[PDB]
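What follows is a short report on a single structure.
All chains are identified by letter, namely A, B, C, D, E and F, in their written order; residue positions are counted from 1 within each chain.
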């Protein structure tokens, strides 16, 4: 359970280079990167309007 | 401490890794260089285009509206198309003189928008990490094979490639649930 | 392009450059007829393309095709771009005899009304699906290496590459057609 | 092939030609009946890019029925050769492409106006030719 | 120039202008009386190349009187530069000749056609 | 532009476009009343160059009202490349410029030559049928 929030001026969500996997908990998912922004293949748009919850894996230092 | 890289790019590093197979040090720029830097890019591009065309769950689009022109009714065939098919049926589509051709009707005179299933291409620097590693290893094998035969550098890339292939498949299976017992219900 | 497909690319030049790579030499930069290698490579590429295109695929066979006889004399020509001539669902006896269509059943070359058959025509190289192009290039490279310059390490890899490409071509072929065996069946 | 038109009403449109920079692409709204009401759109407030081959509209398409996209290359030079420096392929490449592109727009522009008038002249010539010739041959 | 007309009823014809690739040549049979009677031939099925400057036709004439040949330059690159290769003069010559040919054709062709129609009238 | 209009009865004029050689510039006299004569001059005994941007004439007539000056580039390689020579920057620059020009030359005079040839052919057809 993690929460991502959109921007104010425009409606987009950034794709930081520290993300490794993005998936939905208990269903099929269609997520990918297109020009540094989050893309949803089902709707064919990048106009998220409200915060969503996803399943992801981040990177950690070697030590 | 930690490793903070200086001016990192996703193409220069890939070329540097492909060069490391032979045993030559890295570079700092790509505008000018010797032959090897000009020999690696062709192989990398070809391998990328080949691998991207198999068709995965995050490429295939089941609904896309191609539209005709207004002066002469026709549809162009851009060089970024990889597969053209119809979802729930058989299809006859091909290219003839840079235009869409339908073998069933033997004409190129579409009049209304059409919905098909196609797979487009993406730049190398937005694929998931595992795919990038797999592609780099695949390219490195051929680069070593066709220009400098070394046995020790070989016999290891194969072992790495098998594991990467397994990881690719196991990643792919988790994207879609694929439950067989769907749309089945009655007392 | 560093981030995308290069602008205005030439397919034949790329194919020749890829074929030269197996030997271990750099590009040729012009595709001219003066050089010895280009003339040798082009014939092999053309022959392999023609051989592979003639096997018969779902986007080649044209079930309904119309041929028409000449006016002055009742004959039909046999163009050099035809690859296979057959009837749809019955036995056929067709062949070429002096650049004309011959029917063994009737033992004559005279046709008086247009007929309908199926045939397979040839297409230019740069108008084929990608996997076919890669498969053809690999097959041509193997022969070019085998016939003009024997290298023992460039081998033992093109074989695996060819096998993988053959497999991929097979899955591509089995996807265009659905081929449901349980059609035409139904009753209470 | 550098000028294309599509029906109005949709939200996405496709780009179908190569370019050297993103400032060489022009988008305009066309009124078929009266061509004195055409307008030009500016990037940032009217349309945006997703990928190198697709855009989206953001303004109201009212009173308009065609949308036109065409390429317009500039004339200022791109590479500046100077004495005492290393020669590289990209400069040779970039310079070559710039020229081929311009010549293409020039031909595509001129043919449009040329062809119909040439055809009319040829048809009139042929009509006068055969009419007068065989008519007077039969007469005399 | 870039356009030529010859009387019909022969077996061989001459190519005089210059070209960079053998697929840039177009042949067409024209009928004077009927403007919409034109047809465009196609290589291999209608004609073949005897030598770099000779063509042999394999079709039968009829309601036609003049044979027309013109040039149409393509779009694809002829020379593609890469680091580490040998460079000579012919490369630099062709790289410019391509664009020059495109511009010359696009400027002249229709005007010459209008000229010949004009004096034919 | 590429085409320039100038009234007659004057001594000096100027040039309003770049060029690659003095032979490319073409100057002719125009008489609007009689389109058919439109005599064309030539170098040496009729006009002479002092300042590359200036034109200084030798002879004048008084039956003409306006003067025409326009550019016309030739379809030949100005620069030559050969083995053993040296590659400068001036030649490399001057090479591509040739093509960037011919484009505008076509763009302007193609259309308005089409009109003249077309209505000439039409008038020929008309008077051929009438007479």
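Everything below uses one rule, namely that a residue touches a chain if its C-beta (ideal position, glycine included) is under 8 Å from a C-beta of that chain, and two chains touch if they have at least 3 such contacts.
Under the document's definition of touching, what chains do chain A and chain E have as common neighbours?
A chain counts here if it touches both chain A and chain E, which gives B, D.
Taking all protein C-alpha atoms shown, work out their mean, then name the chain whose own C-alpha mean is nearest to it.
Central chain: D.
What is the distance in Å between the mean C-alpha positions of chain D and chain F?
Comparing mean C-alpha positions, chain F is 27 Å from chain D.
From the C-alpha centre of chain B to that of chain C, how far is it in Å?
Measuring from centre to centre gives 25 Å for this pair.
Find the geometric centre of each of chain A and chain C from their Cα atoms only, then give the gap between the two centres in Å, rounded to an integer.
Comparing mean C-alpha positions, chain C is 45 Å from chain A.
Name the residues of chain B that each touch 2 or more other chains.
32, 35, 38, 80
Which chain E residues reach two or more other chains?
Counting only residues that touch two or more other chains, chain E contributes 75, 77, 79-84, 96, 99, 103, 106-107, 110-111, 114, 117-118, 121.
I'd like to see which chains touch which, written out pair by pair.
Taking the chains two at a time, the touching pairs are A-B, A-D, B-C, B-D, B-E, C-D, C-E, D-E, D-F, E-F.
Spell out the part of chain D that touches chain C in their complex, as residue ranges.
18, 52, 97, 100
Per the contact definition, I'd like the list of chain B residues that touch chain C in the complex.
11, 30, 35, 38-39, 42, 46, 49-50, 53-54, 79-80, 82-83, 85, 89-97, 103, 106, 121, 123-125, 141-142, 145-147, 149
Taking the complex as given, what residues does chain C use to touch chain E?
Counting only chain C, the residues touching chain E are 8-10, 13, 26-27, 29-30, 79-81.
Touching chain D in the complex: which residues of chain C?
Residues of chain C touching chain D: 4, 7-8.
State the interface residues of chain E toward chain C in the complex, per the touch definition above.
Per the stated touch rule, the residues are 44-45, 75-82, 84-87, 90-91, 94.
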